[PDB]
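Breakdown of the fold
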Amino acid sequence: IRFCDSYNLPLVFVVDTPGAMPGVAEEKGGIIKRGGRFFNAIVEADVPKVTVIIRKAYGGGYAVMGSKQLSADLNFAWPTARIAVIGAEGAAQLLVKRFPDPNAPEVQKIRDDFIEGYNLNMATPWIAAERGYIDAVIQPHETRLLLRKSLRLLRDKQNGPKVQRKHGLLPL
Amino acid sequence: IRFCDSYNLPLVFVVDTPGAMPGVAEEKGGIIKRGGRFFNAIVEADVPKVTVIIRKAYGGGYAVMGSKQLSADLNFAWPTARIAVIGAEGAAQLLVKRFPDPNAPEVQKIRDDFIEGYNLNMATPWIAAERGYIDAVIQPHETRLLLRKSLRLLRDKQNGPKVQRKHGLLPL
Amino acid sequence: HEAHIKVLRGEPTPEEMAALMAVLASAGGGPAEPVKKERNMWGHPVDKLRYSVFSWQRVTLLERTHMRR
Ligand SMILES: CCC/C=C/C=C/C/C=C/CCCCCCCCCC(=O)SCCNC(=O)CCNC(=O)[C@H](O)C(C)(C)COP(=O)(O)OP(=O)(O)OC[C@H]1O[C@@H](n2cnc3c(N)ncnc32)[C@H](O)[C@@H]1OP(=O)(O)O
Ligand SMILES: CCC/C=C/C=C/C/C=C/CCCCCCCCCC(=O)SCCNC(=O)CCNC(=O)[C@H](O)C(C)(C)COP(=O)(O)OP(=O)(O)OC[C@H]1O[C@@H](n2cnc3c(N)ncnc32)[C@H](O)[C@@H]1OP(=O)(O)O
């Protein structure tokens, strides 16, 4: 991203991710700072930023992959997109851990019902579209020509207001 | 270094290092890109940079710890300084790689004669001083008032010529 | 925690103390109102220089000179 920004290439983000990796090996590997640098580079860059979401956009994956809240210019989703803080299985684990172990199959049945309701409601394009976090939900075939139209509009983007200074500091 | 440059604090380097730490774990840990970032930050910084060398300043340690070649402004060494590509023991082992029968009686003699010669003639302040890679060799007690005189001279330093641009890229 | 005047050798009488302090107080010349002077950047030297369109001194000299306060 920093290279493309330095040479003025527009950025296209194609999003399909559960977000950051879990685990102690990735924590000790530095995932907090490396993600922080990815977030930094995406906000730093001044070039046109256009995003297409395919299926999953959970948590930090949604945020970092050119979210509108992180200054992306135009954001589109395919109707398969799922934009949420966490996927249904993860929310189901946080729900069910408030119950005892699933020795009674009522627990399994509650998980299955919750996961279907969640995949019908929270984990959909439609809340982000209703709130305007994404600008449109598009038929997949529109994507190529809609990218042409969008980047023709954005060709002369001037990023601001930004305060000139020696440099922006970066997580190191 | 990047933070200090952003808030215009002058930088004082107090060198005493054999350089980068050898090992496969350090290689796998990213030591080339991390060292390249350290090299990048030292050159990028515009603030006054003053260096005092104590004792060892070998190889990349010499270079990265505010050498004159990497844009340090004033360079001083105590008479204990030792500036070289590699320390005496490393140069000796690099020679004993030839005719490498380290069980032999005489090789352990010529090793010590070489190390004596190398620590007298090579790993010293005096070649860097006579070539002007460092600006003075000083009595240690001079250091505090010398640093005052130097940073008072450098108080208004303007760094240039530099070409203004969006940003400088760095190893990442 | 203030730095006081000190007399290091001998002791003056109260009359000599008063004369010493009185003459030193008289020697205390100055503006009579030392405060931060009014800022006026009109025609400051840094605006007079030619800067190349890409010169880094446009950041580290011109802008910092205007913005510093
Ligand atoms: C010159 C120009 C220069 C320019 C320079 C430019 C540079 C600037 C760049 C700028 C850089 C950009 C900066 C970044 C951008 C933003 C990115 C952030 C967005 C995300 O990336 S977003 C991730 C997705 N986000 C989670 O996973 C959280 C949740 N998921 C997890 O996995 C978490 O690991 C965890 C630990 C939180 C989950 O675990 P838990 O939630 O801590 O615990 P639990 O559920 O067991 O507690 C019980 C629960 O029930 C309720 N409750 C009832 N009673 C009680 C009680 N008595 N006590 C406690 N709770 C109670 C309550 O709800 C509680 O939850 P809680 O109290 O709310 O926590
Ligand atoms: C606004 C925008 C701003 C942005 C700006 C920012 C950007 C700025 C960035 C700034 C960037 C800063 C850059 C700072 C540079 C770093 C400092 C460099 C100094 C050093 O930090 S340090 C030098 C390097 N140096 C050693 O260390 C010696 C110690 N060394 C070692 O650490 C290793 O071990 C190794 C691998 C290096 C040595 O490797 P090797 O020992 O050379 O290799 P070998 O013996 O296997 O083969 C060859 C030898 O053997 C003979 N030989 C064998 N086989 C054959 C054959 N088939 N035919 C013929 N001859 C043969 C031959 O004669 C030869 O001889 P020789 O030994 O080469 O003389």
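Refer to the preceding data block for the structure.
Throughout what follows, the structure given in this document is the object of discussion. (Residues numbered from 1 in each chain as written, not as in the entry; some residues may be left out. Chains lettered and ligands numbered in written order. Part of a larger assembly, values for the part shown. Heavy atoms only, no water. Residues with missing side-chain atoms left out of burial classes, pairs and counts.)

Once that is clear, we can look at the overall build of chain A. Across its full length, chain A holds 8 helices and 5 strands. Starting at the N terminus, the α and β elements of chain A follow one another as α-β-α-α-β-α-β-β-α-α-α-β-α. Taken over the C-alpha atoms alone, chain A extends approximately 60 × 40 × 25 Å along its principal axes. Here the analysis covers contacts within chain A between residues at least 6 apart in sequence; of these, 80% occur between residues at least 24 apart. (Helix = DSSP H or I, 4+ residues; strand = E, 2+ residues; numbered from the N terminus. Contact = heavy atoms within 4.5 Å.)

Residues and elements named next belong to chain B. Direction of pairing for strand β2 (residues 49–58) relative to strand β3 (residues 74–77): parallel, over a ladder of 4 bridges. When the sheet's bridge partners are listed, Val52 is paired in β3 with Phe76. Handedness of the β2-helix α4 (residues 59–64)-β3 crossover: right-handed. Sheet topology note: the β3/strand β5 (residues 136–137) ladder contains 2 bridges and is parallel. Following the sheet pairing, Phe76 is matched in β5 by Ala136. (Pairing = 2+ DSSP bridges. Right-handed = clockwise from strand over helix to strand, strands pointing away.)

Once that is clear, we can look at the packing of aromatic side chains. Each ring, one from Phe114 of chain A and one from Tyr118 of chain A, has its centre 5.6 Å from the other, and the planes form 45 degrees; the classification is tilted. You can see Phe114 of chain A and its partner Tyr118 of chain A sitting in helix α6 (residues 105–120), 4 residues apart, about one turn around the helix. A centroid spacing of 4.6 Å and a plane angle of 55 degrees characterise the contact between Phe3 of chain B and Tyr7 of chain B, whose relative ring orientation is tilted. (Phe/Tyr/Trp six-rings, centres within 6.5 Å; stacked < 30°, edge-to-face > 60°.)

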